[PDB]
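Observations on chain architecture
What follows is each chain in one-letter form.
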Amino acid sequence: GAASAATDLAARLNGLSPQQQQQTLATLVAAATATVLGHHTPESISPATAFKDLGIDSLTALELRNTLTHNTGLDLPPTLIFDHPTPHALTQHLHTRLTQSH
């Protein structure tokens, strides 16, 4: 249970530099997509392949969403993949929204 994984996420990021802080999402977000496609590890989830190209099928885009938002504490609608089509993109979103949010 978590009333804010955004304060847990920014906890991984806390103490780190932008690219390092990126990596955490650029690992978790991919871990998320590693889940959606049944790959388990983010090592298979390339950040520049594209969710579309990864197998994200709206359903797994929502399940992506369900994981992302849950790990980052953010509140972005299911069109997150449609707006950010790569693990890098999604990461960029939550890496930027860390400060660009309420």
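Per the deposited record, determination of this structure is attributed to solution NMR.

This paragraph deals with the overall build of the chain. Per the secondary structure count, the chain includes six helices and zero strands. Secondary structure elements of the chain, listed N to C terminal, follow the sequence α-α-α-α-α-α. For 102 residues, the compact-globule estimate of 2.2 N^0.38 gives 13 Å, and the chain sits close to it at 12 Å. Its C-alpha atoms give the chain principal-axis dimensions of roughly 35 × 25 × 25 Å. In the chain, buried positions account for 39% of the 102 residues. Considering only intrachain contacts with a sequence separation of at least 6, the fraction spanning at least 24 residues in the chain is 53%. A total accessible area of about 5700 Å² is found for the chain, and carbon and sulfur atoms account for 48% of it. Of the charged side chains in the chain, 4 are positive and 7 negative; the average position of the first set lies 6 Å away from that of the second.

Taking 1.5 Å of rise per residue, the 14 residues of helix α4 (residues 59-72) would be expected to cover 20 Å, and the 19 Å separating its terminal C-alpha atoms lies within 8% of that figure. Among the residues of α4, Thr60, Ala61, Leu64, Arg65, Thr67, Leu68, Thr69, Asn71 and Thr72 are the ones counted as buried. Structurally, α4 contributes buried residues whose contacts are with α1 (6-13), α2 (18-36), α3 (51-54), α5 (80-83) and α6 (87-97).

Cut-offs and rules
- Counting of residues restarts from 1 for each chain and follows the sequence as written, so the numbers need not equal those of the entry; residues with no coordinates are not shown.
- Hydrogens are left out, water is left out, and the side-chain values use all remaining heavy atoms of the structure.
- A run of H or I in DSSP counts as a helix once it spans at least four residues, and a run of E counts as a strand once it spans at least two, with each numbered from the N terminus.
- Radius of gyration means the value over C-alpha atoms here, while the globule rule gives 2.2 Å times the residue count to the 0.38 power.
- In this scheme, a residue with accessible area under 20% of its type's maximum is buried, one over 50% is exposed, and one in between is partly exposed, where area comes from a 1.4 Å probe on protein chains only.
- In this analysis, two residues are considered to be in contact whenever any of their non-hydrogen atoms come within 4.5 Å of each other.
- Working definition of accessibility: Shrake-Rupley area with a 1.4 Å probe, residue cover restricted to the visible protein chains.
- Under this rule, positive means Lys or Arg and negative means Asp or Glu; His and the chain ends count for nothing.
- Where a charge sits is defined by one atom per residue type, namely NZ (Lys), CZ (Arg), CG (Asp) or CD (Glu).
- To estimate the expected span of a helix, subtract one from its residue number and multiply by 1.5 Å.

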